[PDB]
Structure formats: structure tokens, C-alpha cells
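Chemist: My structure is below; once you've seen it, I'll send some questions.
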Amino acid sequence: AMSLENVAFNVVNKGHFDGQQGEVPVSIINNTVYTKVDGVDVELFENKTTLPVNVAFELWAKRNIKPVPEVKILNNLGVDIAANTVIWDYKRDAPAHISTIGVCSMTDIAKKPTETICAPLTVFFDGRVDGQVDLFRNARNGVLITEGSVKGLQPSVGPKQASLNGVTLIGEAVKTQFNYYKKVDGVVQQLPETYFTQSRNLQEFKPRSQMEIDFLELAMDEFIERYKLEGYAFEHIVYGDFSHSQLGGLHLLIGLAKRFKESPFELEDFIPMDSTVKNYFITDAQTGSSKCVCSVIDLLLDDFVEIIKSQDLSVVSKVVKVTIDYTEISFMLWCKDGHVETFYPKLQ
Amino acid sequence: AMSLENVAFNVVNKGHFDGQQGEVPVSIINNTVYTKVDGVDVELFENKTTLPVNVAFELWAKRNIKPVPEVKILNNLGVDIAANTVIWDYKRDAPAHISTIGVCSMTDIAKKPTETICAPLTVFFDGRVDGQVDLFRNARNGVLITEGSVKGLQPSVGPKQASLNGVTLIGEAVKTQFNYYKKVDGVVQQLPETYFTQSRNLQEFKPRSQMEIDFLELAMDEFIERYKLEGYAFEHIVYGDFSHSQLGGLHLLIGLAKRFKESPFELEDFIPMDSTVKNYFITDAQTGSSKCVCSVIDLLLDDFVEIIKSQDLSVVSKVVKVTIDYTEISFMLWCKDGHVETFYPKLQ
Amino acid sequence: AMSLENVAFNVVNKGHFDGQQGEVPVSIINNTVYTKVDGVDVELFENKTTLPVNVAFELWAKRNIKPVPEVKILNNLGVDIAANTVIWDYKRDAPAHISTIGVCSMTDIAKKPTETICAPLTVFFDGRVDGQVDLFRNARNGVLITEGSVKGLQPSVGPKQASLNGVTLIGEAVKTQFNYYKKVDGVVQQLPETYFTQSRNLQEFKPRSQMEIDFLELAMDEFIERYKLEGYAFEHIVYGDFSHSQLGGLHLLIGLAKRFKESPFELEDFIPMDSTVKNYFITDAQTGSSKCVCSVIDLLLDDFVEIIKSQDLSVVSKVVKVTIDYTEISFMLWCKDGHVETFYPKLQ
Amino acid sequence: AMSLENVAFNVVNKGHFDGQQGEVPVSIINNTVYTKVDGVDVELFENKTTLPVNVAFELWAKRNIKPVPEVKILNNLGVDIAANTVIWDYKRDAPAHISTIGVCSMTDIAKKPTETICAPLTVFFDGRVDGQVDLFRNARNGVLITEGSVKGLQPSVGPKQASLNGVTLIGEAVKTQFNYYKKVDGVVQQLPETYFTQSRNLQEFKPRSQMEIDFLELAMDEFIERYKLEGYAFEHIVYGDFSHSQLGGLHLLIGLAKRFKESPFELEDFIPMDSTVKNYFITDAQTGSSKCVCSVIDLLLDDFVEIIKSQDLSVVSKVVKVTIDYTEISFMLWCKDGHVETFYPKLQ
Amino acid sequence: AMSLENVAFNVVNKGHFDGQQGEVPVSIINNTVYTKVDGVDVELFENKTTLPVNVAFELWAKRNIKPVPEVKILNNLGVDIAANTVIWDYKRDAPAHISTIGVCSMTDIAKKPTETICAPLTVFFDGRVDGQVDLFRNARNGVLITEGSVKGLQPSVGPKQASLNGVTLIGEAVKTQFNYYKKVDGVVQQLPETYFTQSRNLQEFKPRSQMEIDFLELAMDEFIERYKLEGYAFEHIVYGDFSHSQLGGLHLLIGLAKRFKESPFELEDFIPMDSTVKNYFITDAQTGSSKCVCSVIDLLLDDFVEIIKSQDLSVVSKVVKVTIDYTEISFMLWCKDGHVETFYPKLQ
Ligand SMILES: NC(=O)NCc1ccco1
Ligand SMILES: NC(=O)NCc1ccco1
Ligand SMILES: NC(=O)NCc1ccco1
Ligand SMILES: NC(=O)NCc1ccco1
Ligand SMILES: NC(=O)NCc1ccco1
């Protein structure tokens, strides 16, 4: 007995949609949902989506409140739709997927993922929900996450972190590391060997290794000395060059975090969404050095160091494909006289 | 079990809210309510009110579909709120009253009119609904309509016409003439002697008397000759003078209807609402004669002749108070040498 | 003492802005202005402009309520702004000009047209307002309209019709024929010889000559016989050809009006504005003959016969420039063997 | 002479409405008020209310800029409307009350609180404004605040803090502690003996006692040791349990503030308004422990300690009613073997 | 080949408009521009302007990404429009100017600044763009900025800081100090001798002199002692008096920054725009001292000290005009017995 008033009742009483019965009076004004709390209207939801306000309200209330894969992972895996849940994209304030399966009558393409409409779409299955491993086995296309072993299915250990209600974290009270499985045209596809982005912030960047502790504490020339990084252009790539009008390098989040403690800078996120590689229009406030498209990736410094050190430095310029977050990230390697000039996530 | 989806279900299946169970999928976009009909959205309601779109949708769906008093009558009687119904104002595309009683949880001030909040307000009671005559008897303030006699209560025979779903008509299959009763502070009132406006349209004006048939068929000087209207300025007041830049007179709907058959004109209804007297910015398309505020009243021509004939034509200018539709309508009488110069609903 | 509440007071009490003092309570919701009339909101204005709702409300309330030149005439004369008035464009539900002079503080570029900002702009002056003939004499650029003679200034007799509150009419109670004067860079211009469009409607088309009476009453081959129009393609140009999938000709409003009495058709006005030549996507409902861009001009049939009769019918195709409404209208003349094939307002 | 342009003039020149004369040109676009400052529009107000944009602009400009009671206090006291002022709810970006008394013609139910419409409503009176103590004496329903003694009226000393322009503070340059008085149906009602919430923030939480200094500085088991809090479940209730998927306890703001220094967490305020007890959907970022409805109250730790220590621990579960902010806050006490299991503001 | 889809392509691929060819599918919803990134909409721009959403999107994408003069400087110089660029006002989230020159067809008054429409307007020229010095020489009105010498043109050294993408900074990798030139009616106007505001923030205020280091570190009476500021009311003017209900003085940003470290306060920026002198409704959170209009100027403390020390203290009250940011800032000097009582940017 689905209704706007019942969704609002659940938001008010349960903090989210929890299948409870009841209704609260709602008023909809423009793109905002309100509820009368003792005579005055209290805002429950502000629609930031391209969907109708009441439709987005229900989808947001029916969002998965369990730790789920980050949208970038789901996207790199080709996920089109989720099975009997809504993955909320907190970075875009919108549902990660256009349609639903057994969630909301306005966005539903099917009630069960076994319906023919779902066969050509890569449905996301959560092995933590009863019957979803079997639904994945019978689904023509899908992505499955589990907490343990699935008999006969070869696992792909995913990232340590998951998104819980918009918070990217490595779980201690909850499991955030999942086993990943994919199916393309009824066939279980072998997921590639891959690195994972660390999903850290600039404001609260914490080192996750001794090399990262040394990078943040030590001076530039003495960190490079310790880790044998001479001839690998870390001064340009990771530390960044703020001497000319165009900002040089600065493509690893760890290098932005180090700069951040000394002096502030503006990162204009002109395509605000979750992605393995992010693009920013960066303006350094101390020097005035700036760059319209500064591609930034949050790799564990040891992982980036391993990627660059295992590259041949004999060619002037080549494309270096690295599998990060299950996707092939093309990088652009530029060399001269046996030393790296620059190495950056390739702008397409 | 009130819900947006259930109201929409009733609109879709029953043409209005009919207490039926069921839900249809709704999407709200801006000020418009839509329903999915086999994949595509179909518009159900366009909010023209100052209330939230979903709230106005429910009030409109819960409108009285029986012949009810015209909003102008209810307004002249001081009606603030209706009992367990919504009087839809089709001229304003909005509810006639701000609040409701046992209709919609967002607009309800009470569920039953017997609650203390309703005592100071003039509640509208419909004797055609079971128990409303008694509720009126125990209500401090109220206006009652009945089809027949109420024991002990002296009636006021209201207008012949009522509004059925926005159509003002004199019923043949339905009763449209009601008995009116009013109570102020527990005291049953003696409703004054009143004339009634005929609520006719310009496009479909029909004469309701022999004098009105003669006015529409006969020429100006020969109608006035027949009805001894010499010296009462009907040439100015009713027929209208289109010879000067400012349109002279034309204050009776019958005179606008007669002009309408010969040549067209524009009536700009700058305050669109139901009222005993209406104001228009009239532009005559044939001559170009115009007037910013031309007050127009639809009185039965015999009634308007009785009012003008029962006046003292000896003062230059005076205010002539006439009870029309239960309200006191001030008119402005202008005379010279014992003859009327002009007589029009007072602009104030 | 300009205010939203005062403008609304004038709209409510005077039918338009009339410099009266007073205020009424206003509420603005989306693009609509409302006023409280005894507890409920009554719509006063719906903004159809690209200006802010309160700004457009004031400009509309301050519109010229006297018969004024049609927007197409003002436009063909290069009028940029009006002096101390607002010419309301009733076809676009918007002000005819972007800025004002001494009208509204939000749109005003100057209070008086004598200010330097107005010198490069063609200010519209109305000789019917005290002091505007003199203001025109001292204005560098301007267009003047008068009812009678201006000493020393040679006049151009404008069209018979003017727009009074959105109604295009030939005045009987008011003067609608003006004398036109134009000045470019201080030099009084000699306005060219021009024809005028008749500004008629399809629903209420009235013949303004004996040739037009004969065209509407007589049959095709017998009207052409009477007026010696053999070889001038009137069967195609004026009457229209509805035998093929593409509608042939039908470029003169008189021919659309004649078709209209027999069978209906849809005219999609895809660029809704006032112009000498209008373009419509016409679909004939009887035959299904249609045309995406059917240019239509309302010329007096005698004027259109004079234009076609005074052409050289010896070249296959040429551009025929005709001055209509003071503007140069290009027509496309197509001939074969000394007879007209087609003649239509040039699509460019 | 109230107007949109005059309100805007006062906002621009006086920082708020100050009864000054003058007008500034305003443009209204969507839900935003703008003023032309040297040719370009500058935003003055963004409507976050369910009221029309110009109406909310005036109410916000006419907000009380003196230290006033917090909305939660006014709400717990049953305040419906304020007398000749607007209490701005800075937490909801909206007026605390639906209607006004002698403030704005669009929201006014009366000009003076002595009018009959105000008798059934609890009007808020400010003894700091001349004549408001007397108005309270003659008001059937009301809440009064004073800075000192009112002859014959028994006072209720309120909270130390008040809201000054959105800032909750304990005044030093201004008085923030008021005397409270209430009237229900013409009878002065004895306000209850009550505790008060401390109205602190998480970001800037400061201890207001030695017990609170000890709680924030000392370790868990050594604070409990010092204050004899063994067997009272402070480890669960105040400190919080982040070991399981559902976050245990954490119902006192002081415990959230202590957690905040060590590790961050997200508090989703799904009903954003001022209330004695607040509900949050909390997600701990370090552990991933979370709770959909975590009720949180900011009591002085000594006050909470006194509340819990004065409870009988013989029953498995009972409702414990505590008067906080003049309202009866129901708590749920759970015990086992003579020790407290949990104690939390009861979810209704 | 300008288009919405091409602007969006440039925003997506180049971080801003860069003249590149290509199109990305766009959807416009309300006041927001979106792009489909793998099936879901990603927000590219939120219109905060009074211009149409697609128009403001193009202007923002076409904003000057080089260090440009701060809007307050341009405004004090009388700049109306920029030549072949858009100066984005990041404080108002809108273009600094109403119209453009060769930027966007919807806002363009001309394609080149040499067109007659531009002659009466003060066009902004950037000597760093080829041909703009010459365009300034031929422009009737204009403001020019250069990086070096212009033959024959007497320079005015401007402020050290410029705005680069919204960031006010003193350039190290880029030049931010420009030479300024002005022309009024074809005549090069001598720019006045002036002080400059330091354009600092409260959150990140850094001293730019030894006097400013001493002010922030030293106590009140010992700073005044060192700098001989006795009898100059710095205790009131710069430090601020928080003892009475109305906040005393506090008109220099350095004094707000010093207060900020000790205790927080709210600055309501009721006219949010760039100006030499800013007005705030300040509420001190510790004391509750407040002021509706507290004018604040960010002058280098040495510059303010020099301004006040060079004033005659013989008159009770006088207007002190100081040229700051090329504009005459009127200050109000109040004296008694040879000592300063108060000195503040004069409220007009
Ligand atoms: N990342 C990873 O461990 N891939 C191995 C795999 C096995 C089956 C699917 O992927
Ligand atoms: N309020 C008032 O004056 N009412 C008049 C009345 C009371 C009873 C009958 O009429
Ligand atoms: N700008 C221009 O070329 N104007 C033509 C003109 C000037 C005077 C009379 O005509
Ligand atoms: N909180 C408190 O002090 N109550 C006592 C009281 C006296 C009159 C009304 O309340
Ligand atoms: N500020 C300044 O240096 N003014 C001198 C000047 C010379 C020409 C124009 O201004």
C-alpha cells in the first residue's frame, strides 16, 4: 500500500523507509517535500535529481542503508540497475541508476529481476539478501557481491572500503570487503587483476603505509632519496610544480594533501560524480599557478610507485594501461634520456 | 487511509474522489500532477492555487459534485468554511475556503464542525447531507441550505440557480433552489429581503421574462416607449453609449448581451472571482469606445427597472443601497431636472 | 512612491495603473501575482515575459490604454523605446521594448527622453501627450505620431487602424489614424511611399472594398473573369490549391478567410509576434493538404492586385521589393510564358 | 505605507526592517529577492519557506532582533503566534509561526492581540515591549517573558540562554534569562519544575561543569569510578558502543562531542527543527557502526546523572517521565539484576 | 558554431569554454544544466543569476580564467562592460556585467568594442590580449589594465592582488599587479592617489606588516602604547567594545580577525557583493553584543593608522574623504577634547 504519505511517515519515524504502516501529511513545493510538525512545515527532502520530486523522495527513502560498493566500482563493472534496492549516489544527490526493480512504481522496469526486461541489463545482486546469489546464477547479466564463498564461483576480492550512508569507510563493526562476480551474456566473466583507489579526502587525508608517512613527513629530495625515485619525475608528478602559470603535474591525491597543509588551493570539480580518476580545475592560492584539467587519482603511494617503476623508459611517449577499480585506466608516459618527464592519467 | 496515490486512483477510475481503495503511480512536476498510463505520463491536475500542488489536487478531487450555492452567495452570507466538503471555486480554479473540516489532513482545522475551533467561524451546512441540519442547530455560527421545510426555522428562498461542477444552471433533473438559514452567535437570523443576480453568460444569454425578450428583440426607442422608461437614462445605463472615447454606461449584462449580437468587444476581467457586481476593462471593437472600470451586474431587467423606478430623482447625486444576493450593493444615482443622468454600481 | 502593493491597488481599483495612492496585499507565486480578496487569493497577473514577475506586472499595469500604433508598424520604423509610456505587445504578452523612459525604476534607462542615453535610440513620441512634439523636435532619433498638423513638418498618413488595449480597430469614438514623422541623426526623414496591412482576423474577416465583397461572394472563375485576373495565378496565390500533399499558394488573408467559411484548417503560428508578413504551418482539415511555412499577408485585395499588375512577367524568377507598413517586403515572383506561376512573400 | 520596495530599502540600508521610509527597486525571480546595485542584481533573500517569496521576505526582515526564547521552548509552551513581532526559526529558515499579529498584511490574523481571533490562540508576549504585560493579563491564552518581577504573577525562571539573530548564547551585554508565565483559558497556569537542555553544538562543545570537564578529559572507566556511576550503563548510554553493526546508546550530546574529537561521524538530521530531543541517523566513520534513529539530548551531565541516579532499578522496563524545557520527555528505562541496561529518550 | 551542447562539451572536456569543437547531450531542469554521463545526469551548472539558465551557463563557461581586477576595483572605476571576455563575480555567482561584447549572442550588445553602442559605456580592456591597448586608445570610454608600459600613457599602479578563478591572491607564478588607465568622454582621466583594501578573509587572516603582527600578538593597551595610538579610540574603532547591547566600533577587518581567535561571531552579509567597504549585521556569540550595520574595511593597519593620525581633532564631527580602491570613501570622524571618540566608514 505504497504512498507519498507513508514514505514520509517512515522518514519521520524510522529515519528512512522501513516498511512501516502509517501516514504523515505532506506538502510538495517546487522540488521540496515538507511535513507539518505542530502547525509548521519542516523540510524532509530537497530534490537534486532530474526525477519528479515525489519520485526522488521515495527512491532516497528506499536507499540501501547497508555498506554497499562505491558508485565508481559499480560503474566500472557496467552496472545498469540494482535488484530490489536503490544505490544512492551521495556525490550526485541522486539515485546511481535510472530505473528500479521492485522498489518504486514510477521507476520500476520489473518487480523481480527474473523478468525478460532485466536480461539485457547488468543487474546488481547482493548475496547478503536471501535468494540474490541464485537470482544472479539465473540472470543473463549481473554483478554480485558476497561476504564469503559461493560454491563453484571464482571470486574477485574487491576494495577494503564500501559506502555506508554516504560515508566511505573500512568496516570494523560491519564487513566492507566483498567478493565480486560478473556475468556478461549468461557467462561468468573473469574479473581482472586490479589496483584500487583509496577513496580518501583532502581535508582528512591519512597515510595508509610507511612510504605514505615518509612522503607526508619528509622533505621532497630526501623522500625520493630513500625510495630510489630519482629519474622518475615525482617532483613534477606527485609533488607538483607551482613555478609557472600552468601548474605542473600534481596527479596523486597524496601530493595534493601534502600541499594542502602548507597552502590552500581551489579544486573545481566540474563533473561532480564518483570516478576512479577525477578531473579538477585547480588554482593554487599561494602562487597563482593553475590548470584547467588536472587529473587526480588516489592510489596508495606504494601502488603508484610500483606502477611507474615497472615501466620501460626507452620511448618518448606511450599509453600505459593500468587496471584500477576493475577498469583500464590509460596513463600517458613521457620519457627523455632514460628518465621520466611526466606520467599522468591520460586526458581523452 | 489518505494518500496522493489513492486520490489519483479515484480521479482516474471514478472521475473524482469517491472513497475507493487503490493506488495509481503519480509523478509531481512543478505545479502539475501526472499519472503513468501505459508508460507515458498523463496530466491529471494543474495547480492554479496558492496551496501546495498535492494539497490542491486532493481538495479539488474532494470537491462537492452536487449543485451547491454560488461562491458569491456564500461570500455575501459570510461563509468562512464548509462542513465535511470542499466548495470548489471554478472561477478562481481554487477552493472557495482556506481551511477544511474533515476533508484533507493538510487543510483541516477540525474533523467535525462541533469542535471549538469552528464555533467562531460561519460553517456552511448542507441539509441534504444526513445530520447537517442538527449540526447547524447546535452551531454558534453557520449558513444552512435545505431542499424543503425545517421545523420551526423560517426560510429564505434563495436563488433559482446553483453551481453544479462549475456550471451555473436552474435544475430540472436536480433541485437548485434552496432554503437559506443563517445564525450569528447562536441567534437564528432573519435574512433580509433581497434581489438575486441571474448569473448568465454573454455567449449564451437567454431572456428570463417578456420585458427581457422585448429588450433583446425591439429597437432602443421602441422598447423604452413600451415600458414607459423615458427619463430613466436606459439609453446610457443599459444600452450603452459608444459615441465618445469613454464608453458610457453599459452596466447591466442584458445590455452587453444585446451589443454582443451586433458587434464584439473585449471584457478584461482584471479581478477574476465570483461577485454580485463584476468589474471589466471594456473595449468596444467596432467604435473603439472604452472604459477601465465598467461595473456590470446581471439583474433581471424587470428587477433593475423596479429598483430605478422606486428612487427619488430630485438630488444631484446620492448613494442607493440595494440588497442583492443577500449583500448590500451601493449604487450611484445621478440626476438632473427630475430625470436620471446615470445609475451604476458604486465604484469604491 | 512606486511599490508592488500600490501597482496592485491600482490594478484592483482602477483596472490599470492610474497614479492613485493605496496598497493592497500581494503574494507572488512562481510567475503569478495574487491579491487577498476577503481571505482568498485572486490572480491579478500571469507573467508570460522574460522579465521578473513583479517587473512585468508593473510594466503591464503601466501600459498605454490609448489607441497606439501596432507593434509591427513601430518595429518597421525602428522604434527602440517609448517616451514615458509602455507599449504592450498583446501578441507576445510582453512589453514591446526592453527598456523604459520614466515608467518603472527596474527597466528605466532615463526618466526624461532628453537624457544623453536616449539620443542614439529611436524614441517613440506621442503628439497627443503635452510636450512630446517638442521633445521629438529636440530628439536626435525618434518616431512621432500626431492626430493633426505639426507646423513645418511634412506628414505621412499612417494606417487607419490602431491597437486599443489589444484590439486592432478603425476608430469611430476615437481617432486611430495618425500622422507619422521620423528622425535619423537630427534629420527629419521623408517617409517612403507604403502600402498598409489590414490587420484583420480569420474568424471575423470583413471586406473593406467592392473587389473584396466580390471575392468573398462570387465563385473563383467568375471573380477572376470580372477583375481581368486571368494569367495572374490567383487560383494558386489567393484561393489556394488543396489538391496535392503540399498546399499550394494561399498567401493572402482574404483567401484564408474564404476557405475558412467552407472548411476549417489549422494555422500554427510558430513565431508568435506582430509582423507585416506572418508564417504559419497550415494543415487543411478537409483535404489534408499542408505546408510548413505558408507566408500570409493581409493586404487589401485591390492593393495586392495593383502590386501583381504592376510587375514585369517576363523573367523566370526575380525578387520584387514592395514597401508595406513602412518596411521593405521582398516577394518572390515566378513566371512562365508571360503569365504568373506564383507570387509569395519571400522566405529568407 | 508597507511595500516590497520599502522592506528591501530597510534590508539594504538598515540590515533589517526598521520602519524607515524609502524604496529600492526589486526584482523577484523564482524564490529569490534581488536588488539592482549599480546595474547588477544582488540577492537579498532566498525563500526557504512554504510562504510566497515576497511574504517570507517581509517576515524575515521583520524578525525579532532581540534575544528571544528558543523555538523549542516556545513550542513546548504551546505558542501558536507572537504579538506584534516575528520569531524567526533559523534552524528551519522560516517563521516559527504560520500567522502574525500586526506585522504583515498577508499573514496577519489581527493587528492587535486583543481581537477575538487571538483569544483561542496562545499569543507570545514580550514584557520588554511597552504594554505587552497588560495585553497578556487580558489575553485568554498566552506566554509571557519578562526581565524582572510582574506584580502578583508567580514566575518560572527559564533557561540561561536565548537566541539572538540565530545565535544561542548566554548574555553578558544583554539579558537572556527570562521569567516565564503561561495562561490557558484565561487562567494563569503554573509552569512545571523542569530541567533545561544546554543548546550546545558538536563542533564547539564546551563543558559547563567539573563533571563535564572530567568526562571529556578522563578515560571511560576512571570517570565512572570517580562519579560512582557503576551499574548505570554509562558505557552504553553516554559513551556509546561502536562494536556491533547497530550503534549502541550514545544519547547525550556530551558523549557525541567526546567521540567527535577522536573520530568523525555523520548525523543525518532527518527532521530539521528545534526540539528538546533530537533524532539523528548516525553513521560512525571509523567503525561503520550505525543507527537509523539515535535520539540525542543535550542535558548538563550532572542533570542527566541526577535523573538516572534517582531511579528505581527493580523493574525490567518502565517509562520515566522527566520535565525538560517545560515538556514531559518520556525516557525508556531498562534494567536487569539491579543494574541499568539502557536509558534513552523514548521513541514514540 | 555556438551552441549549448558545444559549451557543455567544453565544460566537460576542457574544464571551461576553450573554443573546442564537439557536443555533449544536455538536459535543462529548472535553473540547472545537466549532462548524461553513462546513463545518469550529472550537474554541470546551477544558475544563481537573473539571466536564463542556458545564457548564464555560457557566460560562466566563457569567464576570464586569467588573474583579473577584483569586481570592487572595476566598479569603483565605473566599468560597465568588458571587451571580448566575461568577468565572473564569484561573490554573487553571476557575471559582473549585464551585457557582453563578442561573447554570447543573447547578451551581446556588439561583437567588437569599436561599434557605436560601446562609445558611451566604459569598456574594460585587457592589454594582455592582442589589440586591446589600441582599442582602448580609440574607445570613447574605457578602463585598461597592462603588465608594463604603454607609450605616452601615464600609469596608475593598481593593487598587488587580483582574482584568479575566484581566488584573491598576490601572484608569484602569474602577474597580479596591473597598470590602470581610464578614459571619460575620449579623454584619458588621471586616476587618483589611493590606498587599497587588502582583500583578506576572517578564517585565514594573515598579517602583512610588523604593526599587524604586533596588533594580533600583543595585548590592547600594550600595542597602543608601542604605536603611540593614545587618544585615537583604537579600543573602540579597531578592537571593538562588546560591553553594551550595541557592539561598539569594530570597523577594521584586522580587529574582527583578532576577536575571531578568542570567540566566534556571526557576520550577516545582507548585501552580498564585492565592495571597498562591507556592511554586516554582527552578533558577538560570547557577549551577545550586536549591531545591524557594522561597516568593515580591510585596510593594512599601517594605512589606517596613517589615515587617522593625519586628521585634525579640533571639530566635534566632520566628513573625512579617503581615496581607497580608486573611490572616495567618506568616513565619519567624531572628536571631543582633542581626542578621537569614533572614526568609521560613513553610513549614507
Ligand atoms: N581481482 C581478482 O582477484 N580477479 C580474479 C577473479 C577471479 C574470478 C573473477 O575475477
Ligand atoms: N459580534 C456581534 O456583534 N454579533 C451581532 C449579533 C449577535 C447575535 C445576533 O447578532
Ligand atoms: N548612421 C547613418 O548612416 N544614418 C543615416 C542618416 C544620417 C542622417 C540622415 O540619415
Ligand atoms: N520552573 C519553575 O520555576 N516553575 C515555577 C512556576 C511558578 C509559576 C509558574 O511556574
Ligand atoms: N594611483 C596612481 O598612481 N595615480 C597616478 C595616475 C597617473 C595617471 C593616472 O593615474
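Residue numbers (PDB author numbering), protein chains in the order written: chain A, -1 to 346; chain B, -1 to 346; chain B', -1 to 346; chain A', -1 to 346; chain A'', -1 to 346. A prime marks a further copy of an entry chain.
Note that the Cβ used here is the ideal one computed from N, Cα and C, for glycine as well.
(1) Closer than 7 Å by C-beta to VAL84/B: which residues in its own chain qualify, once you throw out the five before and the five after it? Chain order, please.
(2) Going by C-alpha to C-alpha distance, which of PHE221/A, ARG224/A, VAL275/A and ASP282/A sits closest to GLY246/A?
(3) Check the Cβ of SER1/B' against every Cβ in chain A' and list those closer than 7 Å, keeping chain order.
(4) Quick check: the stretch 132 to 149 of chain A' against the stretch 110 to 118 of chain A', are at least 3 beta-carbon pairs closer than 8 Å?
(5) What residues in its chain sit with their C-beta under 7 Å from that of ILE211/B', if we drop five residues either side in the sequence?
(6) Rounded C-beta distance between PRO65/B and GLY169/B? I'm assuming under 8 Å.
(7) Entirely within the stretch 143 to 219 of chain A'' and at least 3 residues each: give me those beta strand (DSSP E) ranges in chain order.
(8) Taking 7 Å as the threshold (beta carbon to beta carbon), is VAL121/B in contact with chain B'?
(9) Please find out if some non-hydrogen atom of ligand 5 comes closer than 6 Å to the beta-carbon of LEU49/A'.
(10) Alpha carbons only, please: which of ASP36/A, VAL9/A, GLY76/A and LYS12/A is nearest the one belonging to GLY37/A''?
(11) What I want to know is whether the C-beta of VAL38/A' ends up closer than 6 Å to one or more non-hydrogen atoms of ligand 2.
(12) By Cβ distance, which residues of its chain are closer than 7 Å to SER207/A, with the 5 residues on each side in sequence left out?
(13) Which one of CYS116/A, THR47/A, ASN52/A and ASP87/A has the shortest CA to CA distance from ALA81/A?
(14) Where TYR278/B and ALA217/B are concerned, what is the direct C-alpha to C-alpha distance, given to the nearest angstrom?
(15) Run the CB neighbour count on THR144/A'', radius 10 Å, all protein chains shown included, and call it buried at 16 or more, exposed below.
(16) Determine the direct distance from the alpha carbon of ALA108/B' to that of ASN4/B', and round the result to whole angstroms.
(17) Three or more C-beta pairs closer than 8 Å, one from the stretch 178 to 193 of chain A'' and one from the stretch 221 to 239 of chain A'': is that the case here?
(18) With a 10 Å radius around its C-beta and 16 neighbouring C-beta atoms as the bar for buried, classify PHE7/B as buried or exposed.
(19) For the alpha helix (DSSP H) that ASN11/A' lies in, which residues bound it at each end?
(20) For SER147/B, tell me which candidate among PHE123/B, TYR178/B and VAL9/B has the shortest Cα-Cα distance.
(21) Taking the continuous alpha helix (DSSP H) assigned at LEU119/A', which residues delimit it?
(22) If you follow the alpha helix (DSSP H) that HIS234/A'' is part of, which residue opens it and which one closes it?
(23) Looking only at its chain, what residues have a beta carbon closer than 7 Å to the beta carbon of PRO270/A, apart from the 5 residues adjacent to it on each side?
(24) Name the DSSP bridge partner or partners of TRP58/B'?
(25) Between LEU214/A, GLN175/A and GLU233/A, which lies nearest to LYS259/A when the distance is taken from Cα to Cα?
(26) Indicate the three-state DSSP secondary structure (helix, strand or coil) for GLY253/B in the structure shown.
(27) What's the gap between the Cα of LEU345/A and the Cα of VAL275/A?
(28) Tell me the DSSP secondary structure of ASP310/A in three-state form.
(29) Could you check the C-alpha separation between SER241/B' and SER288/B' for me, to the nearest Å?
(30) Chain A'' beta carbons: is any one of them nearer than 7 Å to that of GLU233/A?
(31) Take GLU41/A' and list the residues in its own chain whose beta-carbon comes closer than 8 Å to its own, dropping the five residues that flank it on each side.
(32) Cα separation between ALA255/A'' and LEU200/A''?
(33) Is any non-hydrogen atom of ligand 2 found closer than 6 Å to the C-beta of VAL24/B', if you look at the structure I gave you?
Modeler: The relevant details are as follows:
(1) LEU57, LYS60, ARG61, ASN62, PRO93, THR98 and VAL101
(2) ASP282/A
(3) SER1, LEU2, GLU3, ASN4 and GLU21
(4) Judged by Cβ distances under 8 Å, the stretch 110 to 118 of chain A' makes contact with the stretch 132 to 149 of chain A', as three or more pairs qualify.
(5) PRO205
(6) 6 Å
(7) 160 to 162, 165 to 167 and 177 to 181
(8) Proximity of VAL121/B to chain B', defined by a Cβ-Cβ separation below 7 Å, is not satisfied.
(9) Outside the cutoff, so no.
(10) Residue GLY76/A is the option with its Cα nearest to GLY37/A''.
(11) The closest heavy atom of ligand 2 lies 6 Å or more from the beta carbon of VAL38/A'.
(12) Contacts found: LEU298, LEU299 and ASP300.
(13) Ranking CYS116/A, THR47/A, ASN52/A and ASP87/A by Cα distance to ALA81/A puts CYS116/A first.
(14) 26 Å
(15) Buried, because 16 or more other Cβ atoms sit within 10 Å of the Cβ of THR144/A''.
(16) Straight-line Cα distance between these residues: approximately 22 Å.
(17) no
(18) buried
(19) Run containing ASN11/A': 2 to 12, per the alpha helix (DSSP H) assignment.
(20) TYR178/B
(21) No alpha helix (DSSP H) contains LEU119/A', which DSSP labels as neither H nor E.
(22) 232 to 235
(23) Excluding its 5 nearest sequence neighbours in each direction, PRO270/A has C-beta neighbours in its own chain below 7 Å: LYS89 and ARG90, listed in chain order.
(24) Paired residues: none, contrary to the question.
(25) Nearest C-alpha to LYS259/A: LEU214/A.
(26) helix
(27) Near 10 Å, if we compare the C-alpha coordinates of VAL275/A and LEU345/A.
(28) In this structure, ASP310/A counts as coil in the three-state DSSP scheme.
(29) 10 Å
(30) no
(31) Correct list, in chain order: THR30, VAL31 and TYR32.
(32) 5 Å
(33) no
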